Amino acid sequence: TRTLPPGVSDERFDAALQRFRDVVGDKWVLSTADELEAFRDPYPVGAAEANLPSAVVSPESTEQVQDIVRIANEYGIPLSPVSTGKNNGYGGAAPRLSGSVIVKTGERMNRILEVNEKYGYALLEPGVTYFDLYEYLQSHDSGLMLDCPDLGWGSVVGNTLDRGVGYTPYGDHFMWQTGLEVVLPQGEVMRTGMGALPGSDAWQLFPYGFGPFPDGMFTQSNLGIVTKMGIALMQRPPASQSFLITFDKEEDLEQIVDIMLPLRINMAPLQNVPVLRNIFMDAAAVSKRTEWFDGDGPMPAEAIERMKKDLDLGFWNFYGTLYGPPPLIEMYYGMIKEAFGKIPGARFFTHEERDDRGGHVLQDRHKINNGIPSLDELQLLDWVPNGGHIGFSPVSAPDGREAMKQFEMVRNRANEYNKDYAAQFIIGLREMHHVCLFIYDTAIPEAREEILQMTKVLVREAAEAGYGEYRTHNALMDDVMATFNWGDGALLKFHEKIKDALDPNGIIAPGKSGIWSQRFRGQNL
């Protein structure tokens, strides 16, 4: 049947659609079943249908966004804002609440408003992709570099709004976000920071402004539709060098992490955001599962050994980058070798030293860690047919015992539900994002349901061990928010109060981060 917003009739939904067309143009509102297929989660989770959009609206400007918001308030139509809608692993462009209208800001609001070479910043609309900004920087012979996630087709803005991550020293996107413009849930427009001071030139210079600092409240949030965002850009260093350290054993995880911490916490000699990837992650990037194993169930030990040998990789593979004058690089690299060289079986390779298939990941990281966006990691989804992934993404202390515990816990369930567990620890100064990608066949109802049930188990079991997720998929948002229930669910109650105050009609992305406005609470969708 036609997907309709909750509580809204065919007839009223038709009238609302026409008003959206009055604002944006007929070509810029999609509402047929065929046209909406493209906006389904590409990596669906759960057997049953879920996260169904009712329409897609593509506004050209902040004023059109305002008008759309006003219409949605009058009709009681929920709006789900995206930038580019490439949140794959977490839902793609699909709304948490079925029946919502997707507001695809990035389709037409895709301008680079300013790149300031002197002060090292950009001012962006939501449709500027990493590729788009890279092209700009290259075209203008900029001395600045961007910080990108693994896939360059996402949005500088949109990735930041979900507190996404990259891998240069500017890898904490939200840290470097400076100023934003947002349309609030009843249609009012607001600028944060120094941008609230008319005529200031400091909107991208000083993030805080005056008074309570609100920008974080627009991240992983349903408090508005963001229309402009600033971000600091790092100066490109004079030289760089990337390296891979292979570690032979699953059980080396503990020592790897413990040796890493003292080298990272001061931002030297580990200057970039290191990643520690398991052999499933690296093999999926360069090969299909049937190259190593075509039986049933989890891949046997002997098959794991063949991936390692054929690709010349370890069970754990550490990738980092160094920057600066050549002698600084050499000094740092020497320190890294000496430290991690304690682990029996450790082998080191720079980006100049390996040109082979297994080395493809190191070459990709050398691009990414130098702000050169890439789509090479899309190959991961060829690991099994109709491949998809979901991101289960607990936070870990930068402690080997903790990391090992988390690894063992996830691996036990992955094996039990027959899903391959590819791991990427993303290593900050004092924490790691432990990204667990389960790669699966999206066509098969039981695969999708095992994914859902396995990840619900892992959310709960992680939380019982004191671990929480940094980011999650539409299907897990209620379960993850339910783990952050210190003080009798104080955090969620606080969010809901602000939600209801700013969005009295319950319009913007209901259910994002488990935050449902009053009219939807307790309805279980």
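From 1 onward, residues are counted along the sequence shown.
Student: Name the higher of the two by mean Cα B-factor in the PDB entry, 152-160 versus 74-82.
Tutor: Looking at the recorded C-alpha B-factors, 74-82 comes out higher on average.
Student: State which stretch shows the higher mean Cα B factor in the entry: 124-132 or 407-415.
Tutor: Mean B over CA atoms: larger for 407-415.
Student: In this PDB entry, which of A93, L223, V115, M307 has the top CA B-factor?
Tutor: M307 has the highest C-alpha B-factor of those listed.
Student: In terms of CA temperature factor as recorded, identify the highest of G295, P169, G324, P185.
Tutor: Highest C-alpha B-factor among the listed residues goes to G295.
Student: State the tercile, meaning the lowest, middle or highest third, of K367 with respect to the CA B-factors recorded for its chain.
Tutor: It belongs to the lowest third of the chain when residues are ordered by C-alpha B-factor.
Student: Of the three thirds of its chain by CA temperature factor, lowest, middle or highest, which one includes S200?
Tutor: Highest third.
Student: Hey, what third does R277 fall into on Cα B-factor, ranked over its chain?
Tutor: Its C-alpha B-factor, which the entry lists for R277, ranks in the lowest third among residues of this chain.
Student: If you rank every modelled residue in this chain by C-alpha B factor, which third holds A447: lowest, middle or highest?
Tutor: Highest third - that is where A447 ends up once the chain's C-alpha B-factors are sorted.
Student: Could you look up the Cα B-factor of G230 in the entry and say which third of the chain it sits in: lowest, middle or highest?
Tutor: Lowest third.
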